[PDB]
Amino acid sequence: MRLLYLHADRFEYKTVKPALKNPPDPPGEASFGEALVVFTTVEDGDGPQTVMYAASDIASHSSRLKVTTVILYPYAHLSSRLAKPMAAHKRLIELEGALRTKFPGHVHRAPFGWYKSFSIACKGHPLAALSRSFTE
């Protein structure tokens, strides 16, 4: 699993065209104020251990940043070792459930399997952009 942690001032997205023949989540749109935006690329061989480590690390960083909102943003573009889309979906749903057991704030998982527009205003402090890898 490869993650990009962006400490946003604001963030929004909207699904546009379906990126898979049958996107497993419905379309939609949302916007937020200050949040940790977690661009999330599920990688070949990710499993529940990987999910568990990633959730703990996201919760620990959110704590370090004093943020109350985490967006899990499916992203197909952070690595060249992608999990197939059905395994990918399965892992993101797991990641969402695992983070809730570790982080007391708002957890928002963006829909999986669509092309999406988004806007972000990302902070410039030394910890506002970091990337993480998790495996098992």
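Quick note: we count residues from 1 along the sequence shown, nothing fancier.
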ask   = As stated in the PDB record, which stretch has the larger average Cα B-factor, 68 to 76 or 26 to 34?
value = 26 to 34
Of 58 to 66 and 38 to 46, the stretch whose C-alpha atoms average the higher B-factor in the entry = 58 to 66
Record-listed C-alpha B factor of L99: chain third = lowest
inquiry  = Using only modelled residues of the chain, where does the Cα B factor of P18 rank: lowest third, middle third or highest third?
reply    = highest
ask   = In terms of the CA temperature factor given in the entry, to which third of its chain does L82 belong: lowest, middle or highest?
value = middle
ask   = In terms of the chain's CA B-factor thirds, is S133 lowest, middle or highest?
value = middle
